[PDB]
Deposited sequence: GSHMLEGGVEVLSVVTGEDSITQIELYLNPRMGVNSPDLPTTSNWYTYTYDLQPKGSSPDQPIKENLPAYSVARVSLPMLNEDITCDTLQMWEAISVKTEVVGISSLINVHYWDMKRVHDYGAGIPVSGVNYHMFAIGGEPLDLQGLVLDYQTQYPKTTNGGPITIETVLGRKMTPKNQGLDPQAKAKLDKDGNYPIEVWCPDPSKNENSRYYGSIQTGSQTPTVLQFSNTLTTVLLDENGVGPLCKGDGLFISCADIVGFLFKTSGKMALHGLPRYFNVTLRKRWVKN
């Protein structure tokens, strides 16, 4: 039960973080494979059943838990507003990647474009996820083999046709950076009372990537009762995903690309019962 806002000196605090994209090649530090950090490997229809995608072809949600100043009818940190920005947008004007497919003979490269997916979330606990897939017959790498967490992971059995729709048993929590595939998991609207999430998709193969950036834009995190996400155990949960389109390679091969996201969250102290 939520009570009055705490009045006093150090009642407001400001938290900063950035999250690097987890597109498939999720580390910049690996000796050899890390050239493709912020990218997938080449995305291709197999041409025969079943699909058996590799983890490098499975862009995943970014998530971080931020520890907040210790507080203790108790006081909890309440997230009230956030400034967030996708970073490195200007990098996408580059149309002279050495192995870029040209728009036509002697032309510039096809710029990063096509499929976009953009979401962020701010919550006082992990984001609630609902599982739904394009094709239930997809064989995702097993979690026990080092793969991501998918619907088969949570069910403890194979997906059935119902997982192409909304199966209420196909649920999870976003508690692991770079391990929950975007194509498997979306925000669960039946839950997430203590989170605020905002997202969009854009399909098409060469659809223009259209993005804005400004340090003047603020998202208010209060619900219709004037209450923001309340941070359980002094943890603020921050999640996102920013697919910005394909890198088109000379051969015809295509890899998805992501960008990092920055957050500045304002929190206040709130009495709870």
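Quiz prompt | Stretches with no C-alpha position, numbering per deposited sequence from 1 | solution = Coordinates drop out over 1-9, 82-87, 289.
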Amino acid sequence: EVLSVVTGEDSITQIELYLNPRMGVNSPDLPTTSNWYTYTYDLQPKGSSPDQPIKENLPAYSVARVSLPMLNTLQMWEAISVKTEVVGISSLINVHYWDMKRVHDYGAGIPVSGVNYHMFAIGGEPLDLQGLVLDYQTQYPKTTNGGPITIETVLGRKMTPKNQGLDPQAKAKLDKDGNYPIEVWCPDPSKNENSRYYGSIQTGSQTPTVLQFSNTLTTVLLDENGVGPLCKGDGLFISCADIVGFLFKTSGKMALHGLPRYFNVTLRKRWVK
From here on, numbers count along this sequence of modelled residues.
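Self-check item: Coordinates absent for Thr32 in a third or more of other entries
Solution: Residue status for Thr32: gap in at least one third of the other entries.
Practice problem: Please establish whether a third or more of the other compared PDB entries omit coordinates for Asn145. | Solution: In at least a third of the comparable entries (those modelling both sides of it), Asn145 has no coordinates.
Quiz item: Out of 235-243 and 30-38, which one has CA B-factors that are higher on average in the deposited record?
Solution: The deposited B-factors put 30-38 ahead on the C-alpha mean.
Exercise. Between 50-58 and 210-218, name whichever shows the higher mean Cα B factor according to the PDB entry.
Key: Taking the mean B-factor of the alpha carbons in each, 50-58 is higher.
Quiz item: Considering only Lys158, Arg196, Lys101, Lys83, which residue's Cα atom bears the greatest B-factor as recorded?
Solution: If I rank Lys158, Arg196, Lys101, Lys83 by C-alpha B-factor, first place goes to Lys158.
Quiz prompt | Residue selected from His96, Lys176, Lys191, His118 by maximal Cα B factor | solution = Of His96, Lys176, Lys191, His118, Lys176 has the highest C-alpha B-factor.
Quiz item: How does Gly146 rank on Cα B-factor within its chain, lowest, middle or highest third?
Solution: It falls in the top third of the chain.
Quiz item: Hey, what third does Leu19 fall into on Cα B-factor, ranked over its chain?
Solution: Middle third by C-alpha B-factor.
Quiz prompt | Third of the chain, ranked by Cα B-factor, where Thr138 sits | solution = Answer is middle: the recorded C-alpha B-factor places it there.
Quiz prompt | B-factor third for the C-alpha atom of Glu152 within its chain | solution = Top third by C-alpha B-factor.
Quiz item: Mind checking which third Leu127 falls in for C-alpha B-factor across the chain?
Solution: Answer is middle: the recorded C-alpha B-factor places it there.
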